[PDB]
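Visitor: Once you've had a glance at the structure underneath, I'll fire off some questions.
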Amino acid sequence: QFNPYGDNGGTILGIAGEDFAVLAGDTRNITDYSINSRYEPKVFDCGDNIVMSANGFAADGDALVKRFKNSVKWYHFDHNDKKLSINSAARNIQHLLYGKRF
Amino acid sequence: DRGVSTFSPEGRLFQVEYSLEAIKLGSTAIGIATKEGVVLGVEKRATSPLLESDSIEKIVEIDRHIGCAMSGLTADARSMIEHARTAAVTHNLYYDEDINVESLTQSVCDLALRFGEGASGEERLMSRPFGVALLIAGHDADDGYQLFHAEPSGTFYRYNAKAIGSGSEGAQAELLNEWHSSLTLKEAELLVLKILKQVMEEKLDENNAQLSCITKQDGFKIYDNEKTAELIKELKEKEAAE
Amino acid sequence: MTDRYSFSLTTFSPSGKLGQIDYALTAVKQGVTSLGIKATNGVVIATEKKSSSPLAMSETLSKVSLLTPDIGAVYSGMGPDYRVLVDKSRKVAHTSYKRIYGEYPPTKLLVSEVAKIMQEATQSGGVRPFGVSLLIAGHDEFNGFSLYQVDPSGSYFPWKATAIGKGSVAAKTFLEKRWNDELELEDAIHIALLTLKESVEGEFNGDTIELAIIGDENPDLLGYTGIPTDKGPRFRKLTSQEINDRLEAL
Amino acid sequence: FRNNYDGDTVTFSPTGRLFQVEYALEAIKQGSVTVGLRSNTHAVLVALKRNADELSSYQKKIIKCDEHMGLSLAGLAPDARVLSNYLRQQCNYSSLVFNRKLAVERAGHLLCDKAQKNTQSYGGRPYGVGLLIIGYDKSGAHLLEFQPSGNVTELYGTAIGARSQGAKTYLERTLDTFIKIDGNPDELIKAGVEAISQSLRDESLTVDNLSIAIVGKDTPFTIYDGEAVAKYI
Amino acid sequence: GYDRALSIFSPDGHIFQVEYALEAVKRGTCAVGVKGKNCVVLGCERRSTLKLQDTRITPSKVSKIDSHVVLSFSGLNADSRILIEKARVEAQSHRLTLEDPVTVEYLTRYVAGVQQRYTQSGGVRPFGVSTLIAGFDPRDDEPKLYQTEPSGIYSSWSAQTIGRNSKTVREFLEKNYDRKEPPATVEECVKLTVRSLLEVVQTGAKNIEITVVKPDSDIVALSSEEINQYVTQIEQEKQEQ
Amino acid sequence: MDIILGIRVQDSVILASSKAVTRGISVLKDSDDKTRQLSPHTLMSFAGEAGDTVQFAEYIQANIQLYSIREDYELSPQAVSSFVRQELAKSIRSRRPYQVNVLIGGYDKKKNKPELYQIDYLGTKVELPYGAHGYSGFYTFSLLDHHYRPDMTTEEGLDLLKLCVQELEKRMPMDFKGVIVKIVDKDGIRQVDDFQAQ
Amino acid sequence: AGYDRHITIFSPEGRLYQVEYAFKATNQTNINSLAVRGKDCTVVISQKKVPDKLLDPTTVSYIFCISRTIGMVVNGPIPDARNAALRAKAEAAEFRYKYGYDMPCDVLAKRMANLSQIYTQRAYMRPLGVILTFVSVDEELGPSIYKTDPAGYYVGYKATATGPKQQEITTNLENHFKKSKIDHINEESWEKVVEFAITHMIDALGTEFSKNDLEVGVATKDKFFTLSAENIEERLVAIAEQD
Amino acid sequence: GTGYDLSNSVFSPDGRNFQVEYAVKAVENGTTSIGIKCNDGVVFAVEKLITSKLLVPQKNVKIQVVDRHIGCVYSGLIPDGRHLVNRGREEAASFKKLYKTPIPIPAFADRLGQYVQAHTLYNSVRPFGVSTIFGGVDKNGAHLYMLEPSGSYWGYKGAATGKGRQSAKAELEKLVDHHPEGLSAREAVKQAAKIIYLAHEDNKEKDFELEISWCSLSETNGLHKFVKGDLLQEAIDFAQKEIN
Amino acid sequence: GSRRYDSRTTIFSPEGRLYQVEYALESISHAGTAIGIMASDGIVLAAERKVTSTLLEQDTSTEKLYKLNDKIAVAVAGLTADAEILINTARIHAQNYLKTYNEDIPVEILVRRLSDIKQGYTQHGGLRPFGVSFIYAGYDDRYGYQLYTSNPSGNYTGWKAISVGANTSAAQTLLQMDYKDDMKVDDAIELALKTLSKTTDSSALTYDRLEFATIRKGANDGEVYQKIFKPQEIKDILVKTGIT
């Protein structure tokens, strides 16, 4: 029977400094015991000085990143190009994720 | 008859223009923006001494940083206030932040032209335009203190000072001269109390008129009768002074 | 597109009249005459086959129609309207009755169903009343023989005998004179043929007249044998020949 | 005459006109002037913002649709919001689904078609706003003029609004000149401000009264207001 | 399917259908309400175009939305039912979710919203009704009296009247009601109510019904006699001069 | 399950309902009133699925109160019970049925007789001298089948329950934390605050 | 009030003007047609008039093949005629699918008549300004001709005619039958029936025809087809060697 | 009485539908456009009035393609024409999807026909304000069609609509008489350019821009393509020459 | 559009009156008169058949008195067909009530519901109101014998004696003149016939032109009985009361 999910491996790491922050991640993407790509970026610059990574099932991670970026875009369109604070992005992401609670 | 969303030969929407006429018949509402906050005042205008004047709610709270005054067919404003409140609260749930005053206003005006008997553009189920104009005043981190005039046309302008209702053309002229970029909050209060007095058919007292403001520090507050009464006294005095 | 006519086309005038129903009645008045006579052991409905051209085949056009095996109908007014009304009447006899109780509806109820359909076309949005008046004749075990009239308003009434259309006033009067509560079916068929002659301008024979009866069960018209309780339809349309035979005794 | 055939957009007059549409076009003329012109490397929008009182703001007339597209409005503001929002989605869809920036020519076709629908069906009303669209796509700089009639035209330059005729003749004259202002945005803008002023009469373009937008080769569609346009007055 | 805009603006800025809805109220029988210091009283007149009715079963003019709130009205009877039913349903829904009966202002705000909505929804005409809603908020003793009208506007009054000749009776109340000293008694409050109705009812012991509402769901309607008694004592106040 | 008992004596109906509310391993509350007054002379006890239980009770309460105000009259116990049965009978064939069992005890002012109705979540209704829902019935029906009399006074009825409750506290595996008893008669509904030792 | 002439509601005289005016439209094309029944075939004749020299004469027709066995000739504007044709083709295909046998000519006629009756009663649908003449050699009824109008009326004919000069053709045909005493052209071949049809079309209209002035459709057991300019020519020659 | 011309589906006493007739006026008031059927294809061409020097030349294209073998050109309310093509495109996509074979010209004509006729059946819609000339090459030949706001359409040897429809039709008729054997794709393209230049006299006031397109079994493989560059100039000249 | 043909059946007149309701009532005023009289031991319903003929089958006829419940009946004044529609929904409402509460529906509840349906056609939907007025005669264990009346507006009221239809003004005065609270069914039966006898627009008041019904609580039983008089029964009671 069809299983809508998959596991593309990889690991990501985020550390926050006093006036900086980093988001790291390996560039390997796999399926079972095979390597799909040795270089497939997984950490992204979404604008407004926000980097994000959705690790796990790649197709899902990509759709999420894509949706959030489009979110930032519309945030500007609707609030006079206001910058999206990180706390606001976080809350926004919560709704993006919880919207698919089932 | 003729479509509710018909254009006049001059390029105007009959229902929206006629809508504006109704608003002219409404009670005066005035708003003044100053680098110390925005003041919103309205003419209660009870229709009989037996009507308990303080049950006249023409100035309402959208959110802690956004207040609003109405003029015209005030019953038409209930669903607008509701939409505005929900919009503000909803924005805060999704983004964990206050909604910008301009954004909130743009949201309310989005309801404006949603009327007709089958207008091909979505599902604008509303038999007629709103018969009321609103003055939305507030404050946000990006553009400080703001005052907006939202009409049934769907358009909204930003004003330093603005008056709507029966005494508007008169009161607006007054505001033209009296308003300057360095007015203090107190100056604006007295100023609003003064102009209301000129246009009001009734002798302005702390019972047929009501003040309110919105300041970054304490947000939107509606002045209680006692507080305004003294401001009215302070005004009579400064006037008799010269 | 989309029927945006969701408001009534029939409304009350200051005088209290419902114009469209009145006008529909006027259409009925212009229609060819039709009638019905109730006997003690049967009912007869008849009308004139006003062929619209000698090239037309009048048989291929029945003004008299079977609704259920014990119920028939005839009309006066707008033919097309009648046709669709018969289609609906035949179907409602099933959907609202045979399929529930397993037996055909008694004449009064089917008439009531038809009447309902017509009443609705008097109040529903975007339509005009039916421009016809029907005369339905039938028989059911617990009510015996009956004859009803249904007007464009949806109102209906039971009759001993009556006529509608062109010379209804004249025909009704002629019937009142010849009717009695002891008429046998053949007597009514005769009285029917006489009344109809006064309303026909030209040829008057079994090819210009359409007549049917609700009488005894016709086991010969059932189509099968082997079930005692099933005796055949009571509704039978007379043949051109059967009519002429009765015309010579006119 | 006219009075019997202008009740709604679904009625043709005896001469083949659609008055409701024409009355819509009339709301545009009553609208503040705005100008559009392009070289081979850039496209510029210059718009005169109108104000109610001297206590009111000068209503924005330029809306960004995507990093490479934008327009200016003249007529019913709300209707431009609706149309621009629609254009923002069409642009957005093109990127998300095909990873392709929407061609300015296609944006026009989409706008025409959306407007057309509101002129053949009962109950609706034509849009009462004019639009000038500029953008830089895979075929260079572009300028489009959108009319509520559904008619969209690509031009080198143009203007709509009150007295728009002035700026229009000026550009039709300056044509050979500005069309060659490649590699130099400040010059195209100046050439635009000069075209727009050819429609003034009441006042003179001030700082909080002028609004300019530009897009091109290496310039994401950006709006300049106030102080930012001071250097052009 | 039917969605024609029946309530629309006219050149001078009026919604004629809502305006004509008020004319329907002007035609309805009079109704009044005066709040005492510890109660609210609702008076309503009874027509006489036809008399031979059965008062037991004929629907009364004052209706209970909940056990602590009543609603009287002037205008189309058929229309009032619709509003009364919705009000009653909302009353129960509110108890079910807030776990507390509605406040009079809340119940009023609700009825008003239903009326307002019917003034700008397609395919429907406004309610040809105006209401007077009175009672006591739960666990409160301060009397409450509100009024609503076709437009959807509502507000509180110390005393108010609607219906035919409401012009006349309002005058009476305006120069007979002191906010300084409101009818400190149920008795003197009921009296001030009948007096105001007599200004228009023209001798009608059986043409005047009264209902008294006290705190904590204490509601009761007076009988012909009880009322007739107030009329009697009132006519003497006149003759004794 | 919870203890839901009911007994109709001479001039009244007595309803005894367990006070415990247990979820898994913990007894969350020991003073729970598993009852809702539908009208001045009609009381309803209920037991069943966690949420459905109260939601249903309050829903029925709301509807009866609405009826009362619209008609300014109190529906007979028989009428209220028929309304509840139909509600449950609709429920059983819906997407997610209300898994609630109830006892409806009311005093019929028109007939001047107490009535006890037992209705399970399937919409099964039956009128009885005494009833119970769940496992209780297994030890209380034969008890009552023995010690019950139609002419019993309200006092004899309370003694009878006490006898039931004692049997339930001896043989039942669960600690239902006692019961709350309520009396329904010609004068309305009152609670016997003293059963913890009567 | 004065709108009882714009939509299909009754006029004080109990009339439906829109249906009457729809009838007017049926003559807008100034074309005449007639149909007659053979011993075992059905023929339909219709004037073909191509004014514009820029028109492709092959695409100008008012005769349609509704189904393998049913043919239909329309009298009225081509757009309404094509709307009626598509609907009839659909209706016939569905009928065969649901009931397992070919839709009979008279049944499709009744069905089309009922659809028309509806535009006669529902206000948002306008009547079609056309008259439909259906023909075939029914497996149960034999040669058949059923015609429907904007009133929702229909009936079968021994023969019929439609158009501006319908009356002249009708009386001509009537006379021939009063004479022959039978309800059909007693001819074994359809070619002779087609000739008879054209012959009387000429007498009645007092006009001569070239191979490009007519349009002919024939219906036989299991098939309905239309003739070509040449098949007609052959027909025109034949009649010429008799007069 | 009167007023029979205010609602779209209403029959006037003489059996007409005035709103459709008024739609025609909108058509006659529009630019002229034509279609010439050749021996193995069809040619489309239209007049493009140059309002000002501001119109970027060659950009505002009017001829529209449906699927890959059909060409469509129209005169009247341009936005209405686009609407009708959008429909035709769906109509075609639908047909191909179910039957695999790209839609035959006749079949496509009726699709457009029925849709247009549909807009003369209700008063809640307006008839189309355009007459459309379209055609292409299919399983059996080339086909040229013209569809009126009434929904009426026929097969044509040559067709024209718009301002100069008379000059055009006059010219087209000559061609039909002087070429019973059939014009050729190459020839028709030129002939077309001329007919537009001629038919432009009824609008000689404003300057214009020519636009031609064609579909020929031999010249374009049966696919609709626009005439550009050299072949275009060569036809522009053939006209400019015979205009004097 | 369609707006052109909309009568707007649900709008107010400048006087705040509902046009259609007012005109429907006008219609009702020409309907056969129907009378209802409530006595201490029962209720009487009598109605005059509008239009009749020698050939009308009176035995199988009913156009004014209908049974809704076993304890409730109505007398009709207006469009019979409109009445039947309302009567049927009324009959269903009575049964839903019974199936729900296992108790017969209280008279007022059934009357209010029916009146609410009418009120609806008054405030929304754009349809014409029902041209009907009902006199309800029922009995329940809460108010005993009851008499109600409802009309097109949706308003209903209770009465001791009342009339609907033609000449109500005359009939009401006659009733308001001889009615007495302590009357008896037989007295009411007589009062009813006399009233109709004086308000009829016909020559004489014969039995073939009448429908009669009484709802009594036959002492020898204890339950309520509805009796819809048969032709012969009306002919009798007609002679007895002295109308022969």
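Quick note on naming: the chains in the structure tokens go A, B, ... in the order shown, residues restart at 1 in each chain, and ligands are numbered from 1 in order of appearance.
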DSSP on the backbone: what in range 2-87 of chain A comes out helix (DSSP H, G or I), as a VMD selection string?
Guide: chain A and resid 58 to 78 86 to 87
Visitor: Save the residues we just selected, C-alpha atoms, as an mmCIF file, in the first residue's frame?
Guide:
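What landed in part.cif:
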```cif
data_model
loop_
_atom_site.group_PDB
_atom_site.id
_atom_site.type_symbol
_atom_site.label_atom_id
_atom_site.label_comp_id
_atom_site.auth_asym_id
_atom_site.auth_seq_id
_atom_site.Cartn_x
_atom_site.Cartn_y
_atom_site.Cartn_z
ATOM 1 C CA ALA A 58 12.646 16.172 1.770
ATOM 2 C CA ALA A 59 9.463 16.674 -0.279
ATOM 3 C CA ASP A 60 7.809 17.880 2.902
ATOM 4 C CA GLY A 61 10.752 20.042 3.954
ATOM 5 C CA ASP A 62 10.841 21.667 0.524
ATOM 6 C CA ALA A 63 7.113 22.424 0.445
ATOM 7 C CA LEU A 64 7.379 24.002 3.901
ATOM 8 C CA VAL A 65 10.392 26.182 3.085
ATOM 9 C CA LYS A 66 8.683 27.149 -0.173
ATOM 10 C CA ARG A 67 5.460 28.040 1.663
ATOM 11 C CA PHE A 68 7.283 30.072 4.330
ATOM 12 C CA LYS A 69 9.291 32.041 1.747
ATOM 13 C CA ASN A 70 6.058 32.835 -0.050
ATOM 14 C CA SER A 71 4.732 33.818 3.370
ATOM 15 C CA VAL A 72 7.497 36.395 3.880
ATOM 16 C CA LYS A 73 6.796 37.726 0.381
ATOM 17 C CA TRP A 74 3.116 38.313 1.152
ATOM 18 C CA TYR A 75 3.951 39.681 4.583
ATOM 19 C CA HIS A 76 5.677 42.537 2.762
ATOM 20 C CA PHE A 77 2.821 42.985 0.269
ATOM 21 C CA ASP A 78 0.301 43.280 3.108
ATOM 22 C CA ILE A 86 12.129 36.056 13.856
ATOM 23 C CA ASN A 87 9.608 35.642 16.695
#
```
Visitor: Counting only C-alpha atoms, which residues of chain D come no farther than 8 Å from chain B, as a ChimeraX atom specification?
Guide: /D:7-8,20,23-28,52,54-57,59,77-78,117-118,121-125,128
Visitor: Could those selected residues go to a file with N, CA and C atoms, as a CSV table (one decimal), in the first residue's frame?
Guide:
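Done, and the output landed in part-v3.csv:
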```
chain,number,residue,atom,x,y,z
D,7,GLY,N,-28.3,51.0,-18.3
D,7,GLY,CA,-28.8,50.5,-17.0
D,7,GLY,C,-27.8,49.4,-16.4
D,8,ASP,N,-27.2,48.6,-17.3
D,8,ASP,CA,-26.2,47.6,-16.8
D,8,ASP,C,-25.3,47.3,-18.0
D,20,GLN,N,-22.1,51.4,-19.7
D,20,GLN,CA,-21.6,51.2,-18.4
D,20,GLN,C,-20.1,51.1,-18.4
D,23,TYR,N,-18.8,54.7,-18.9
D,23,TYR,CA,-18.9,55.5,-17.7
D,23,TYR,C,-17.8,55.1,-16.8
D,24,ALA,N,-17.3,53.8,-16.9
D,24,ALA,CA,-16.2,53.3,-16.1
D,24,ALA,C,-15.0,54.1,-16.5
D,25,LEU,N,-14.8,54.1,-17.8
D,25,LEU,CA,-13.7,54.8,-18.4
D,25,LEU,C,-13.6,56.3,-17.9
D,26,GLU,N,-14.8,56.8,-17.6
D,26,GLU,CA,-15.0,58.2,-17.2
D,26,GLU,C,-14.4,58.4,-15.8
D,27,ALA,N,-14.4,57.4,-15.0
D,27,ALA,CA,-13.9,57.5,-13.6
D,27,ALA,C,-12.3,57.6,-13.7
D,28,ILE,N,-11.8,57.1,-14.8
D,28,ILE,CA,-10.3,57.1,-15.0
D,28,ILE,C,-9.9,58.6,-15.3
D,52,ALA,N,-6.9,64.8,-0.5
D,52,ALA,CA,-8.2,65.4,-0.2
D,52,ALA,C,-8.0,66.8,0.4
D,54,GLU,N,-5.4,69.4,3.1
D,54,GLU,CA,-4.0,69.7,3.3
D,54,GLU,C,-3.6,69.0,4.6
D,55,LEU,N,-4.6,68.3,5.2
D,55,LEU,CA,-4.4,67.6,6.4
D,55,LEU,C,-4.4,66.1,6.1
D,56,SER,N,-4.6,65.8,4.8
D,56,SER,CA,-4.6,64.4,4.4
D,56,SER,C,-3.4,64.0,3.6
D,57,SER,N,-3.2,62.6,3.4
D,57,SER,CA,-2.1,62.1,2.7
D,57,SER,C,-2.4,62.1,1.2
D,59,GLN,N,-2.7,59.9,-1.6
D,59,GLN,CA,-3.0,58.5,-1.9
D,59,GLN,C,-2.1,57.8,-2.9
D,77,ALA,N,-9.5,53.4,-6.6
D,77,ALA,CA,-8.4,52.7,-5.8
D,77,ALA,C,-8.7,51.3,-5.5
D,78,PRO,N,-9.8,51.0,-4.9
D,78,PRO,CA,-10.1,49.6,-4.5
D,78,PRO,C,-10.0,48.6,-5.7
D,117,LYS,N,-14.8,39.7,-18.5
D,117,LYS,CA,-15.9,39.0,-17.8
D,117,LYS,C,-16.9,39.9,-17.2
D,118,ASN,N,-16.4,41.0,-16.6
D,118,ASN,CA,-17.3,41.9,-15.9
D,118,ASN,C,-18.0,42.8,-16.9
D,121,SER,N,-21.7,39.8,-18.4
D,121,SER,CA,-22.6,39.2,-17.4
D,121,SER,C,-23.4,40.2,-16.6
D,122,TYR,N,-24.7,39.8,-16.3
D,122,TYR,CA,-25.6,40.6,-15.5
D,122,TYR,C,-25.1,40.7,-14.1
D,123,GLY,N,-25.5,41.7,-13.4
D,123,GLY,CA,-25.1,41.8,-12.0
D,123,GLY,C,-23.8,42.5,-11.7
D,124,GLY,N,-22.8,42.3,-12.5
D,124,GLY,CA,-21.5,42.9,-12.2
D,124,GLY,C,-21.3,44.3,-12.7
D,125,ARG,N,-20.2,44.9,-12.5
D,125,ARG,CA,-19.9,46.2,-13.0
D,125,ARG,C,-18.5,46.2,-13.5
D,128,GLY,N,-13.5,50.2,-12.5
D,128,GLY,CA,-13.4,51.7,-12.8
D,128,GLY,C,-12.0,52.2,-12.6
```
Visitor: Considering only C-alpha atoms, extract the chain E residues located within 10 Å of chain B and return them as a PyMOL selection string.
Guide: chain E and resi 2-15+34+105+109+112-113+115-124+145-147+151-160+170-171+173-175+177-179
Visitor: Skip range 22-29 of chain A itself and residues of its chain fewer than 6 positions away, then list as JSON, numbers by chain all residues within 12 Å of it, counting only C-alpha atoms.
Guide: {"A": [6, 7, 8, 9, 10, 11, 12, 13, 14, 15, 16, 35, 36, 37, 38, 39, 40, 41, 42, 43, 44, 45, 49, 50, 51, 52, 53, 54, 55, 56, 57, 58, 59]}
Visitor: Could the residues in this selection be saved with N, CA and C atoms as a compact mmCIF listing (two decimals), in the first residue's frame?
Guide:
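Done, and the output landed in part01.txt:
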```
# COMPACT_ATOMS: atom_id res chain seq x y z
N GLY A 6 8.81 9.45 3.31
CA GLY A 6 10.13 8.90 3.04
C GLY A 6 11.12 9.56 3.99
N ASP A 7 12.33 9.03 4.08
CA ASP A 7 13.35 9.62 4.95
C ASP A 7 14.59 9.92 4.13
N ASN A 8 14.93 11.20 3.97
CA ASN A 8 16.08 11.57 3.18
C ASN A 8 17.37 11.83 3.96
N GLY A 9 17.39 11.39 5.22
CA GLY A 9 18.58 11.54 6.06
C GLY A 9 19.00 12.95 6.42
N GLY A 10 20.31 13.17 6.44
CA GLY A 10 20.84 14.48 6.78
C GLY A 10 20.66 14.94 8.23
N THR A 11 21.47 15.91 8.63
CA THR A 11 21.42 16.47 9.98
C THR A 11 21.66 17.97 9.87
N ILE A 12 21.01 18.74 10.74
CA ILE A 12 21.16 20.18 10.73
C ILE A 12 21.50 20.64 12.14
N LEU A 13 22.17 21.77 12.24
CA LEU A 13 22.61 22.29 13.54
C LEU A 13 22.50 23.82 13.60
N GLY A 14 21.93 24.32 14.70
CA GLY A 14 21.78 25.76 14.86
C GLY A 14 22.27 26.24 16.20
N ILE A 15 23.18 27.22 16.19
CA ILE A 15 23.71 27.79 17.43
C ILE A 15 23.56 29.30 17.36
N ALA A 16 23.18 29.91 18.48
CA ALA A 16 22.98 31.35 18.53
C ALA A 16 24.06 32.04 19.35
N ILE A 35 22.79 6.97 -2.05
CA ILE A 35 22.99 8.41 -1.94
C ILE A 35 22.36 9.01 -3.19
N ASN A 36 21.41 9.91 -3.00
CA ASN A 36 20.73 10.57 -4.12
C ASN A 36 21.59 11.71 -4.63
N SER A 37 22.22 12.43 -3.70
CA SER A 37 23.09 13.55 -4.05
C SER A 37 24.08 13.82 -2.93
N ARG A 38 25.31 14.17 -3.31
CA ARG A 38 26.36 14.48 -2.34
C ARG A 38 26.31 15.97 -2.03
N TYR A 39 25.57 16.71 -2.86
CA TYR A 39 25.39 18.14 -2.66
C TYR A 39 23.99 18.59 -3.06
N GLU A 40 23.12 18.73 -2.06
CA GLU A 40 21.74 19.17 -2.26
C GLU A 40 21.44 20.02 -1.03
N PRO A 41 21.64 21.35 -1.14
CA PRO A 41 21.42 22.33 -0.08
C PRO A 41 20.12 22.05 0.68
N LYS A 42 20.17 22.27 1.98
CA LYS A 42 19.03 21.99 2.84
C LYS A 42 18.74 23.12 3.84
N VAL A 43 19.66 24.07 3.93
CA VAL A 43 19.52 25.24 4.80
C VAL A 43 19.34 26.43 3.85
N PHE A 44 18.30 27.24 4.07
CA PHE A 44 18.01 28.36 3.16
C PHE A 44 17.87 29.77 3.75
N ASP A 45 18.18 30.75 2.92
CA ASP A 45 18.06 32.16 3.27
C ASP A 45 16.68 32.55 2.76
N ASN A 49 16.62 38.38 6.89
CA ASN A 49 17.65 37.82 7.76
C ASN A 49 17.18 36.60 8.54
N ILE A 50 16.57 35.66 7.83
CA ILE A 50 16.07 34.44 8.44
C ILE A 50 16.52 33.24 7.61
N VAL A 51 17.18 32.29 8.27
CA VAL A 51 17.63 31.07 7.62
C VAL A 51 16.83 29.94 8.26
N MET A 52 16.43 28.97 7.45
CA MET A 52 15.62 27.86 7.95
C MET A 52 15.90 26.55 7.25
N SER A 53 15.70 25.47 7.98
CA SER A 53 15.89 24.15 7.43
C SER A 53 14.81 23.25 8.00
N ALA A 54 14.18 22.47 7.12
CA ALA A 54 13.13 21.53 7.49
C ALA A 54 13.67 20.14 7.12
N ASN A 55 14.34 19.50 8.07
CA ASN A 55 14.93 18.19 7.83
C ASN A 55 14.00 16.99 8.08
N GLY A 56 14.19 15.94 7.28
CA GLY A 56 13.38 14.73 7.41
C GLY A 56 12.95 14.22 6.04
N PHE A 57 11.66 14.33 5.75
CA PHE A 57 11.15 13.92 4.46
C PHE A 57 11.33 15.14 3.57
N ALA A 58 12.31 15.07 2.67
CA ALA A 58 12.65 16.17 1.77
C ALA A 58 11.47 16.85 1.08
N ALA A 59 10.61 16.08 0.42
CA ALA A 59 9.46 16.67 -0.28
C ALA A 59 8.67 17.55 0.67
```
Visitor: Need to verify the contact set: residue 83 in chain A, 7 Å, only C-alpha atoms, exclusion of same-chain residues closer than 2 positions in sequence. Can you return it as a ChimeraX atom specification?
Guide: /A:48,81,85
Visitor: Could you write those residues out with C-alpha atoms, as a PDB file, in the first residue's frame?
Guide:
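Full text of selection.pdb as output:
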```pdb
ATOM      1  CA  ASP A  48      14.491  39.393   6.328  1.00  0.00           C
ATOM      2  CA  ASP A  81       7.200  45.988   3.314  1.00  0.00           C
ATOM      3  CA  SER A  85      10.788  39.492  12.987  1.00  0.00           C
TER       4      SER A  85
END
```
Visitor: Do you have the CA of residue 132 in chain G-CA of residue 15 in chain H distance handy?
Guide: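 Going from CA of residue 132 in chain G over to CA of residue 15 in chain H, I get 17.1 Å.
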Visitor: So what do you get for CA of residue 101 in chain I versus CA of residue 62 in chain E, distance-wise?
Guide: 27.7 Å
Visitor: Can you pull out every residue within 10 Å of residue 161 in chain E, counting only C-alpha atoms, but drop anything in the same chain fewer than 6 positions away, and send it as a list in words?
Guide: residues 30, 31, 32, 33, 34, 42, 43, 44, 73, 74, 130, 131, 132, 147, 167, 168, 169, 170, 171, 173, 196 and 197 of chain E
